[PDB]
Structures are given as structure tokens and as C-alpha cells.
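What follows is one structure encoded as C-alpha cells, with my remarks underneath.
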Amino acid sequence: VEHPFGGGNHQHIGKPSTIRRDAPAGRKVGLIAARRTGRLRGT
Amino acid sequence: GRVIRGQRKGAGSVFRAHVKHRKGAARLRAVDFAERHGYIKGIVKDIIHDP
Amino acid sequence: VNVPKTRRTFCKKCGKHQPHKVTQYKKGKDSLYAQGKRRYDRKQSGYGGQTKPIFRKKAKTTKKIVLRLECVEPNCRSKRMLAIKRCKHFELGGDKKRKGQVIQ
RNA sequence: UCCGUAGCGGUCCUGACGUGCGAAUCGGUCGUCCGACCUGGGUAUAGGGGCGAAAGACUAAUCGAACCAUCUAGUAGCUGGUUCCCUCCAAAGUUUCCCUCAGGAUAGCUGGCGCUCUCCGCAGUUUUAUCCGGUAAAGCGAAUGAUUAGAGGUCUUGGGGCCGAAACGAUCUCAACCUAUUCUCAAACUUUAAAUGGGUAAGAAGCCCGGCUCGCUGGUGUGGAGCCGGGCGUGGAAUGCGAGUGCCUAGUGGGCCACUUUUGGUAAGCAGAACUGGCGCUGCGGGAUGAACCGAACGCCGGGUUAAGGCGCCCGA
RNA sequence: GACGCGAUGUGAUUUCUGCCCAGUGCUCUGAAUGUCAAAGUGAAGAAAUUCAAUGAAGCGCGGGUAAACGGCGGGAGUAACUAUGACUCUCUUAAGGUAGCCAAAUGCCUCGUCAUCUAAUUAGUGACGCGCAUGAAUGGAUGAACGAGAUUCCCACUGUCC
RNA sequence: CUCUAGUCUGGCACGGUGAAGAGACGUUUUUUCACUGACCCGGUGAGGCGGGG
RNA sequence: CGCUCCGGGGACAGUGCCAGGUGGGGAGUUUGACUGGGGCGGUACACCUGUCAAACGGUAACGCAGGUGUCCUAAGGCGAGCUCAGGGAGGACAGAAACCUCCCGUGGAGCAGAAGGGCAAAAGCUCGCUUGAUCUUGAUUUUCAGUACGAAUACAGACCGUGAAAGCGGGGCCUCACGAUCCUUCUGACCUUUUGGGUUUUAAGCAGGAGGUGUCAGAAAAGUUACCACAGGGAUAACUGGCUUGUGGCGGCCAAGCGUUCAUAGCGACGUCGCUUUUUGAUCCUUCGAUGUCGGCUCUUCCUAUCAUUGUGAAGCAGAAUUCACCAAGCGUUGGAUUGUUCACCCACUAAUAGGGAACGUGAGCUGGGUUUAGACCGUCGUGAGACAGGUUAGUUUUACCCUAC
Ligand SMILES: [Mg+2]
Ligand SMILES: [Mg+2]
Ligand SMILES: [Mg+2]
Ligand SMILES: [Mg+2]
Ligand SMILES: [Mg+2]
Ligand SMILES: [Mg+2]
Ligand SMILES: [Mg+2]
Ligand SMILES: [Mg+2]
Ligand SMILES: [Mg+2]
Ligand SMILES: [Mg+2]
Ligand SMILES: [Mg+2]
Ligand SMILES: [Mg+2]
Ligand SMILES: [Mg+2]
Ligand SMILES: [Mg+2]
Ligand SMILES: [Mg+2]
Ligand SMILES: [Mg+2]
Ligand SMILES: [Mg+2]
Ligand SMILES: [Mg+2]
Ligand SMILES: [Mg+2]
Ligand SMILES: [Mg+2]
Ligand SMILES: [Mg+2]
Ligand SMILES: [Mg+2]
Ligand SMILES: [Mg+2]
Ligand SMILES: [Mg+2]
Ligand SMILES: [Mg+2]
Ligand SMILES: [Mg+2]
Ligand SMILES: [Mg+2]
Ligand SMILES: [Mg+2]
Ligand SMILES: [Mg+2]
Ligand SMILES: [Mg+2]
Ligand SMILES: [Mg+2]
Ligand SMILES: [Mg+2]
Ligand SMILES: [Mg+2]
Ligand SMILES: [Mg+2]
Ligand SMILES: [Mg+2]
Ligand SMILES: [Mg+2]
Ligand SMILES: [Mg+2]
Ligand SMILES: [Mg+2]
Ligand SMILES: [Mg+2]
Ligand SMILES: [Mg+2]
Ligand SMILES: [Mg+2]
Ligand SMILES: [Mg+2]
Ligand SMILES: [Mg+2]
Ligand SMILES: [Mg+2]
Ligand SMILES: [Mg+2]
Ligand SMILES: [Mg+2]
Ligand SMILES: [Mg+2]
Ligand SMILES: [Mg+2]
Ligand SMILES: [Mg+2]
Ligand SMILES: [Mg+2]
Ligand SMILES: [Mg+2]
Ligand SMILES: [Mg+2]
Ligand SMILES: [Mg+2]
Ligand SMILES: [Zn+2]
């Protein structure tokens, strides 16, 4: 009820944390409009 | 569901800035004839800490 | 099933048996100005969402095949519908099967 | 940062108390006690909103959507109640349909109102005729399927041979095969085939003759059907009973038990059927007791006699 | 005003953080173009109307991304005592679980096997790994100090008990 | 399942002034370069703006 | 001297209205039924055959064995001509099995399918011609309320096919092969209306087919709740108590054998008869306006199917030790490590360390270790909320002064 990531019998997200830019408020959490999501290697 | 924490920040009244002990808006001098065609001279009085 | 493209059968306008051209009936395109379509279009307008039921629990696999029978007479040219039983495969006038031949 | 007081908090005894001091307190024991510390007052954020070092916690003893009023006497196929007497009649838990299975509609069972006749008709019954059946039984020396044993057979091919290099030759043999017999069976086998049962008939709406009509049918005023006009009453088996007919209609649509037949199950006070009778709806006599068993059904009484049961005493005999 | 603000995951230090972009997400690129509404354009028709072309974004198509969500095999033969079995073959998916670690708060079988602790241990600890169903920021391993956290043993102490 | 805030995108209107160019069958379509006067932003106590001398 | 206050943008941002995409951020709603509880599994939910089914008909169960959502331009309709399955005896290659011929052949074949019935100059096989699988009223039967749909039977009115003709045929030899209203689509008439009249498009009607509701007399529909709520139900599960005893436990009868010999000292196969309710089932009768749901501790009583002790019988009883059996429940049946345990296993003592019941005795007697709310962690599963007779940790145990009994 508090967050779209909350709930479950394990502390886990359960959905891709990368979210589109034109998402409604209350859903647009996590990594907003992300082009890539990893450890920065190189440039 | 309930309105989330990141949504609640835009309404204000709890998440507003703590600006009680701040010294003022830090900005440049306004542009005029002196600063547009020549130069003006001022003096540094003191250096203060802004919270 | 297999039916030929020609059938000598009764004609209501002639009052006699005449040869006919036999085709397969297909459903025509829905007109936008039928009364039920106009009523449906005005009911679906605005708010309220979908108003009429949308059938989803389909069970049958094949349709009933309707033959469109046409009088070959120049004066008459009268057509009618003749339904047959449900069949999965249907073909108009092809490969008239024979007896006593070799299966290969 | 450590021990530790005031302060703040609330681990354990799962102590006290638990119609308590108290709608969360008390005692001992405990955590922290210079910092993300404690605290008054002012002020801000208001209900699908706030606020949350995040327990769905807190938001005036109310929180997984506060409180007050109204819509509102919200709806409920569900639960509980539903108020005087007497008289008469009197059920159903079954068919079909329904997102139907704790409910309705429908038919059945019931009641009320009558009416048309009587002062021939009808029957939870039999007799006499005439049809229907495929259960009980029986049969497998009759079909189908299952199945036990010997016996006699030729070569109809073989499994072991053996005297033949060998020949449908000698010649034992064992099994398939054939032929008469024999043991044992069938809800989804049957030649046979009951008992009980299910239909019709047992007259006047019937027989009988004569005539007429037809566009139907035909060799044929042939056949068939429909019309008229007459004549025949011993009312054509037994027993019993007055019948026929039309509206409106409540309740019911959870049933259960027993002889016999019978399905599943090891069985069940188990589950599911058929027939009839009960209990439910019903008291009484008996079975000590008792929904269903035996007898017998009921206005208030007197006399007599019984049923089923009984007759040492309880306890009539 | 990017040494800032906003949105997430993990949770000091030390040591690491392997492989997979097939799936679902996120992001990029595009008249090189399949689908594609309204409006606009053209044609027919007496007109209502019909047909056709054009056809935005988004879906499709292609690239990137796992400290995004997540995932990370199966069967045979083979060392000349027995066995195990480095090695080989084959089936295969986007890889086939790497370093570690373990009957763990995670192991059904299970009270696993061995050692130790006891007179006796389904408890504890240390090893073994075939792991139903361990595993690397859904973080793995370790680890001083700390804990009204969970568990085992010993000394001392006692009415917990005889 | 059926909707909906928000958001992306297309059309019409507010909505003008010129230059070129590319167009399909002289109207009109659209692409680019500019202008300010609608419209928008910032600053200021609207303090020396543009040309000329 | 001047006309925007200076700059920065600018016919675009932006605003208004439509159009498409996206949109559990939010709203509303749904998430069938039967059911030896529910869920999972199945369809006994619409149909057909044989049986059940008790010789008219009808008749149930998640009763048994099965089948169906098709197939056929002929596998429909006539007419003609043949006879099938199988077997025997023969014939170059030819053999178990290719083809020809003779004889026997009551159907042992075939008729599309599941099964049943039916069928021999045929209903089967092969040919020839065909489209009665066409149009149109009514009536009837089946299911049944005696309503529909589906399927079917006799006619009647037409036009036809075939055969020389009698005749037969309006689908399949018969019993199944399928679908309302509303809407859409097609066909039919020199058809009706389209509103003050006329013409023409269009539209609405009438009549017959189709597009489909398989939950098959026909809603348009995914989950989770251990955070949960209400109306109820003992019509329905999880305790006890009942019926039953498959299973568990205990006991018999017969005696092939074991026992060096020897069935029966002590045992006992193959069979068979019982008992008990300290095992688990099966069932759902009582209880859901609540009967406190596992153990352990404590305490009392009862049972005998007797471990020891008293008295005895029998041994393959020399003594000692140990087995079998009888009368027999009077008296005993322990201290501990492990586990919440029941159970189990081990150490030690002993005379023996027997088995059980009392609402699986005993929570207003205790305790709360386990199980079984809400907080959390791990593994597996699920996209997710969450789930796990899978582990781990923390988690309020109320009242007697009433009656009886003591
Ligand atoms: Mg959410
Ligand atoms: Mg997962
Ligand atoms: Mg609209
Ligand atoms: Mg300190
Ligand atoms: Mg301190
Ligand atoms: Mg307490
Ligand atoms: Mg007290
Ligand atoms: Mg006091
Ligand atoms: Mg607000
Ligand atoms: Mg806080
Ligand atoms: Mg929670
Ligand atoms: Mg109901
Ligand atoms: Mg009731
Ligand atoms: Mg029969
Ligand atoms: Mg018999
Ligand atoms: Mg019964
Ligand atoms: Mg009665
Ligand atoms: Mg009675
Ligand atoms: Mg008695
Ligand atoms: Mg009397
Ligand atoms: Mg007596
Ligand atoms: Mg992360
Ligand atoms: Mg990684
Ligand atoms: Mg990808
Ligand atoms: Mg490994
Ligand atoms: Mg211990
Ligand atoms: Mg260990
Ligand atoms: Mg993993
Ligand atoms: Mg993990
Ligand atoms: Mg949404
Ligand atoms: Mg929702
Ligand atoms: Mg149900
Ligand atoms: Mg009968
Ligand atoms: Mg013939
Ligand atoms: Mg006819
Ligand atoms: Mg035929
Ligand atoms: Mg939970
Ligand atoms: Mg649950
Ligand atoms: Mg309730
Ligand atoms: Mg009950
Ligand atoms: Mg019970
Ligand atoms: Mg037994
Ligand atoms: Mg012997
Ligand atoms: Mg019952
Ligand atoms: Mg009670
Ligand atoms: Mg009690
Ligand atoms: Mg005894
Ligand atoms: Mg108990
Ligand atoms: Mg008690
Ligand atoms: Mg208690
Ligand atoms: Mg506990
Ligand atoms: Mg819990
Ligand atoms: Mg007192
Ligand atoms: Zn014609």
C-alpha cells in the first residue's frame, strides 16, 4: 500500500526497477528512464 | 493504495527547506551602466558560513 | 465434403427444376447505417465503457456451409440459400473420387 | 566511550492484579543516561488524506481507511419472533427448467366457492376371452465368450527321434488339429422359460336392413366414408359405489425408517434405487425404557368383550 | 545549480563480487518502412455516402544494458584387485553455479557419516559434500568491539530438586 | 473485464511580416533563412537603450 | 532626436477543443456448478448404446464397459447383376501368404464410427442414370409441464429422379452427431411504410437460411488475504463420543513340515474361524448464539491380554538358569543423557523395570516446550500480492462468593 516495491515473504523487488519516463506518479520509483543499469566499466 | 513518500514531498509543509538561519539568496550584482560599460569597485567585508 | 458447382434443383420463381450455379455463401460487410449499428454507436458514445456483452467463450470449431444457388436462366437469375451440415473441410467441385483404383 | 543517579524507556519473573489502584497499573530485576538526548508552549500537515529510523504503526481508549449528520426504515435466497376460542377438511420433501444445489417458476398433493344432472356411469378388485415380455429358474451333447479331464483317429502339417544316404516307407512318440464324450460358469450370453405384472373387450355411441351424396378410390350403382329413414330392450360377467364438471388457491419442493428385490463398499445406526406400509403430522394397549416394531388409530361417558401381549412379587390376571 | 537536488538497491572495515541480453523490463536509432486514428487531399455519385492515396506517436524491425527483474544442465564409457574416476563421446539451452560456504536460521531422506564433548547425547562443536532446494550488492566469505538477540559446555553458586 | 487522472503525439484556432526553394494535378502543399508586433522568460527603486553630433 | 524600460526568446513554447497511443498512479466490478467437507483431480453439466433395472413403461450413485461435437457428390435416390467371412482339393515360377478353377459355406463377412438391433436373387459388392440432401402447408411421436429446441413418423399440394412397370425416394438401415430473444448478413415479392403530397437513393418491416452461446432453455469476468469483516451452517470438515473393523493388536481349529529320532516339549506353512477398540481408516448421528484444541508434571481409581512376587501343572525340567500353561490384579513396576514429544534409543540399578482405560483421564490444577493469529530470516514456488503437516526466533493462559460431589 506504501510503495510499489513493498510486500512479499522475502524482501525483494519482484519487478524491473528500470521504469519508463512517462510513468504516473506513485509508480515512477527506482531507476527512472535508465539507458543502462550496471557497474561503470570504461566510459 | 496510500500516497507514496516521493509523492508527498511536492505538497510541502514538512519537506520544505530549513531557511530560518540562512543569510540570504547568494547572487551576483545586478547589471547596470557601470558593470555594462566599465567596472565598479567593492570591498569584501567578511566571509560567513551559510547553513 | 465435396459438392459440384452445378445442381439441377427446384426454382421458386420458375416453378420447375432448373440447373443452377452453386457457390459458397460468405457474410457481407457490416453497414454503418443499420439501426442496430446506429443504436450501438450512440450507446457506446461518451462515458460508461462497454455497454453490450462481448462473447468470448467460443466452443464450436466449424460453421454450417451455405450454398448460394443461382438460376442459370437468362430471364430468372433467382438466387437462394441452402444450408448443409457442419463440416471442417469443404470444396466446390474437385477430384470426383473413383472405385477400384490403386492407392499410391 | 564505560559504570551509574535524576530524567527517558520497558527485558524477564511469561511475578502481583486480572467483576483490578488502573478500559494496560504495581513490585523486584533491567536498557540508555553529552547525544540520532529528554521536555513545555507556539505553529504546519486532515481521511483514500496526513504522517511514518516502516510495526499497516499513529491520526483524541476508534485505524488494512478516524469521528458526526444525512441518503436510510440501504439490501439480505440467511437467523430469531409473529398476540383469542371452537368446528370442518387436510399435506409435501416428487417431475421439468433456471450461474439452479439453504432459493424460485412449473406440474403433482390441499382447501374454498360452486354449477350440471341422478333421486346410466364409475372402480389401486375379481372372472372370461385376447395380446405383450426375456427377469427368477434353466442350458452349454444349441450359437457367443470362459473352461477341466481322459478316449478314439488318419496324415493334416509339427516339437524329439530312430532303423532307413533315401520315397505318403518301418514305426514309437508327443503337442497342436479332427471326432464322439465329460467337469464347471455368464449383470453387459442364450435355444427355452415362469410367478407377480402391463394393455384391450365384456353392447343401445350396439347390431340390423332400405335409400341418398362424393370432386376420394376404382373393370364393375366396385370399394370406402358421410348422411337420412325405420326395426330390434332378457340394459348381455361378479362385487361394490350417486356421479360429472369449472374457477380461485395456501403450504411443500432438506426427508427418514421397515418386509421383499437390489447397486457400491470388508462393513457401518454407511451411501444410492424399486414396491408397499409407516414415522414425519399420531395419541392409545404391549415390547421394562423407546419417532418407525406387534396390535389398534382418538368427540365426553357407563356396562360387556377382545387384539398384540401376558397371569410367583413389584403388577391387573 | 551537478562536491546540488530528486529516485533506487545493498548495508561498517578486510577480501571479493564469476557466466548469461534468449524471456520480461528500461534505453537508443529511424521517411532505410510493415501496421496505423482524427484532420487535410483526390475520384465517382443528385446528395447522404463510398473508394483510393497520403499516413504522427506507439506497436513491429535492429543495437545496448544484469551493483535491471531474474536465471545459471542431463546421460554413458574410461587408471590391468575393488571401487571412485582426472580423460573422452553424445544430447543439448541465453548461459549451464565460478571463487567461496554448508545437514547452516537454508538438507526431505535424517536422529546423514566420522571425530570430539557424556556413564549414557534426536542437543553443541569440528570436518565430509552426492547441495530435495547453498552461492556471490535478489550480495558471498570473514571478522575486533558491541548486544535486556538465539544455542552448547565448564568453574563457582545455590530449596530448581532429593 | 470495463474505465480514468497524468503523460506522448497529430489536426484546427489564437497566429502575423517577408525572402528563397522543392513540389502534386495559375491556386495550394510543404522545407529553410530571417523580422516583431501577439505570446513567454529574466533583471531593476523599469537610471544613461538605438542612431547622430 | 526618437515609437516599444532594458535584455533573451518568438509564429515556435504555451492555451482551448478533438483524435490515436500509453496508463493497477487511481476507480468500479468479476473470479461458474456438481462434489461421501472444501481444494487438487474428474464431468457423472448437452447427447447416444449395452447393463444396472427386479420379463409393460419409468427408475439413483464421482455405479460398470464404451462412444460424440465428425464423415459422405456418395457412404444420398432408384434399377440391374452378383454373394460374403472362412475352409477343402487342384494348377509353371508360387513358397504360410500374389493369380486361375471346382466344391462346401445361415452369414461365422460387410453395411464410415461406440455398442445393440436389422439385413442374402439384400440394407452387402460392382455397374448405369441421377440430385427426393428441392419448394410448401398443417398433423403426429420422442424429451416433456405434456412447453420449446433437436431428432423422427404418417400424409397432402407441387416439380422431379429412376425403373419396362408395380413402385421407391423429400438425405445417410434404425437408435446421437447439436442451439432462443436482441443484433448483424444473405435471399424472396412490379410486396408494405419512410409520415403534408410526388419521384429517386437510403432506412424500417414481412418470410426463409446463416454468424452462438459446449456452464450446451443460452451473464461479457483473474488472483490473494496469517491484517481481515458480516449473515449463517453442526445441511459441511478439523476434538471427543457413537455404528463398523479394511488396517493394527490378540486368540483359536486342521496339521505338510522344524524339532538328531518324534506333527502337536516348544513351534508351525497352505487354508480357515473369531475377539478387542490402547492403531490408523471409513462414515457424518451430536456439538459452529464455542464442550478450551499436543505433550509433560501432579493425583485417584479401574481392566487383564501376568514382567516380578504367593500357590501350582508341563518340558527336548539332572542342578543352576530359562520356556509353556492355570487360579490370580493383592502388592510393586525406578534414577538419568538426548528430543516439545507420544514413541524411540542408550547408561545404571533392580525382583520386575508388563500392557492399557477413565471426553486419545486430568489448562476456573499448573506449565506453554510444540502446534495454531498479528513482527521477522532462509530455501522452494509465484510476474505479483503472497503460499508451503519445509526449517528458525519472539509472542496477554480470565472468573468460583452459586448448586452438587469430596
Ligand atoms: Mg501499488
Ligand atoms: Mg522469484
Ligand atoms: Mg469519447
Ligand atoms: Mg554513551
Ligand atoms: Mg553507559
Ligand atoms: Mg504475568
Ligand atoms: Mg484474584
Ligand atoms: Mg487501594
Ligand atoms: Mg492533499
Ligand atoms: Mg520514529
Ligand atoms: Mg504485515
Ligand atoms: Mg439460498
Ligand atoms: Mg435453515
Ligand atoms: Mg432386460
Ligand atoms: Mg440364473
Ligand atoms: Mg439410506
Ligand atoms: Mg397422513
Ligand atoms: Mg402410529
Ligand atoms: Mg426389550
Ligand atoms: Mg370400556
Ligand atoms: Mg409384565
Ligand atoms: Mg540493485
Ligand atoms: Mg553478479
Ligand atoms: Mg533484453
Ligand atoms: Mg561448487
Ligand atoms: Mg545437555
Ligand atoms: Mg556442524
Ligand atoms: Mg540462488
Ligand atoms: Mg539466495
Ligand atoms: Mg492503472
Ligand atoms: Mg483495482
Ligand atoms: Mg461448489
Ligand atoms: Mg418390472
Ligand atoms: Mg436389387
Ligand atoms: Mg409428395
Ligand atoms: Mg445406403
Ligand atoms: Mg504471514
Ligand atoms: Mg492462507
Ligand atoms: Mg461470522
Ligand atoms: Mg451433522
Ligand atoms: Mg469421531
Ligand atoms: Mg486383522
Ligand atoms: Mg521329522
Ligand atoms: Mg446421510
Ligand atoms: Mg452450547
Ligand atoms: Mg468444561
Ligand atoms: Mg487370567
Ligand atoms: Mg485429553
Ligand atoms: Mg477441568
Ligand atoms: Mg486455563
Ligand atoms: Mg511457544
Ligand atoms: Mg507469526
Ligand atoms: Mg468467606
Ligand atoms: Zn429460375
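Hydrogens, waters and symmetry mates are skipped; everything else that's a heavy atom, side chains included, is used. Order of the sequence lines fixes the chain letters, A, B, ..., with proteins taken first and strands second; residue numbering starts at 1 for each chain.
Among the atoms of the strands shown, only primed sugar atoms or phosphate atoms (P, OP1, OP2) are found under 4.0 Å from some heavy atom of C/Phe55.
Among all heavy-atom pairs drawn from C/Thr61 and C/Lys88, the shortest one is OG1-NZ, 3.2 Å.
Checking C/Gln44 against C/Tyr40 by side-chain atom types alone, a donor-acceptor pair falls below 3.5 Å.
Between G/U185, E/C26, G/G21, one nucleotide has an atom nearer to the side chain of A/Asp22 than all others, and that is G/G21. Each of D/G56, D/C51, G/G212 was ranked by its minimum atom distance to the side chain of B/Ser13; first place goes to D/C51.
For the consecutive pair D/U234/D/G235, the pyrimidine-type rings do not sit with centres less than 5.5 Å apart and planes less than 30° apart, so they do not qualify as a stack. Stacking status of G/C72 with G/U73: not stacked, per the base-ring test of centres under 5.5 Å and planes under 30°. For D/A138 and D/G139, a centre-to-centre distance below 5.5 angstrom and a plane angle below 30 degrees are both found for the six-membered base rings.
For E/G9, the OP1/OP2 oxygens have no side-chain nitrogen or oxygen of A/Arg39 closer than 4.0 Å. Within the 4.0 Å cut-off from OP1 or OP2 of G/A133, not a single side-chain nitrogen or oxygen of C/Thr9 is found. For the OP1/OP2 pair of G/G382 and a distance below 4.0 Å, the side-chain nitrogens and oxygens of A/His10 include no atom meeting the criterion.
Here A/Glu2 pairs with B/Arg2 in a salt bridge; the nearest charged N to carboxylate O distance falls below 4.0 Å.
Between chain B and RNA chain F, the heavy-atom contact criterion of under 4.0 Å yields a 5' to 3' nucleotide range of F/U44 to F/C49.
Screening C/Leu82, C/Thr6, C/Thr9 against C/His20 for a side-chain contact (heavy atoms from CB on, under 4.5 Å) leaves a single residue, C/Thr9.
Enclosure of atom CZ in C/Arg77 is not indicated, since only 12 or fewer non-hydrogen atoms of other residues, nucleotides or ligands lie within 6.0 angstrom. Counting heavy-atom neighbours within 6.0 Å of A/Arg35 CZ, excluding the residue itself, gives a total of 12 or less. B/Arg36 CZ: more than 12 foreign heavy atoms inside a 6.0 Å radius.
Between G/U280 and G/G246 there is a base pair of the Watson-Crick or G-U wobble kind, both donor-acceptor distances falling below 3.5 Å.
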So if I define the base as every atom that isn't primed, P, OP1 or OP2, how would nucleotides 68-76 of chain G read as a B/S/- string at a heavy-atom cutoff under 4.0 Å? --SSBBSB-
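Here D/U39 is in the anti range [glycosidic angle more than 90° from 0].
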